[PDB]
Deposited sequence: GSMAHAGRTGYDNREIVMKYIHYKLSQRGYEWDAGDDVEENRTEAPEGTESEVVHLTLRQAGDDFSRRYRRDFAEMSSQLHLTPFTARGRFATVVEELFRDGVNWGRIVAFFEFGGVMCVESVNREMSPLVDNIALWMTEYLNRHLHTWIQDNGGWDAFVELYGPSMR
């Protein structure tokens, strides 16, 4: 199967989101369950993103103020502004990291059911607003080629 892009359907994007969230929560010791080189590369890119982010800025969760009623709008506002003037792989990694932070904060704030919702919101946003761009810019394959090297 070398003729088409890796993870080229919404079903694959869903799997990518669920595995990402499981990883980000596992880094905190929180167990949760709802292309392999793709999952691996995204783990690495998000971790390296976070390292850099934290060198410059305070904890991402400091800015959130989650409640069950407002979490969806909070997510939508941030992600809309992130992509308002365009998409690139760096912004996509930022999107995954933001989603991860939202999930971690939900669990910290004893709102663990929100994790399942956030997973849904990320999957829908990916499929509605990023997937076209991903296919048009080389698939997850291009991401693996660009972000594969560990620096």
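Student: Which residue ranges of the deposited sequence are not present in the modelled coordinates?
Tutor: According to the deposited record, C-alpha coordinates are absent for 35-50, 168, which together make up the missing parts.
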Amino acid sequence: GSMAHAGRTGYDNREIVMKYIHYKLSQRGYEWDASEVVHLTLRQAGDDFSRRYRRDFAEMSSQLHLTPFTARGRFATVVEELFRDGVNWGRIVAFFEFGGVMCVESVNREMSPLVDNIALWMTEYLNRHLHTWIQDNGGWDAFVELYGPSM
From here on, numbers count along this sequence of modelled residues.
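Student: If you average the CA temperature factors as listed in the entry, which stretch comes out higher, 104-112 or 60-68?
Tutor: Between 60-68 and 104-112, it is 60-68.
Student: When the Cα temperature factors in the entry are averaged, is it 22-30 or 50-58 that ends up higher?
Tutor: Per the PDB record, 50-58.
Student: Name the one of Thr41, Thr123, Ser35, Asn88 with the greatest CA B-factor according to the PDB entry.
Tutor: Comparing C-alpha B-factors across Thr41, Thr123, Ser35, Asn88, the maximum falls on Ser35.
Student: Should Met3 be placed in the lowest, middle or highest third of its chain by the C-alpha B factor in the entry?
Tutor: Highest third - that is where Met3 ends up once the chain's C-alpha B-factors are sorted.
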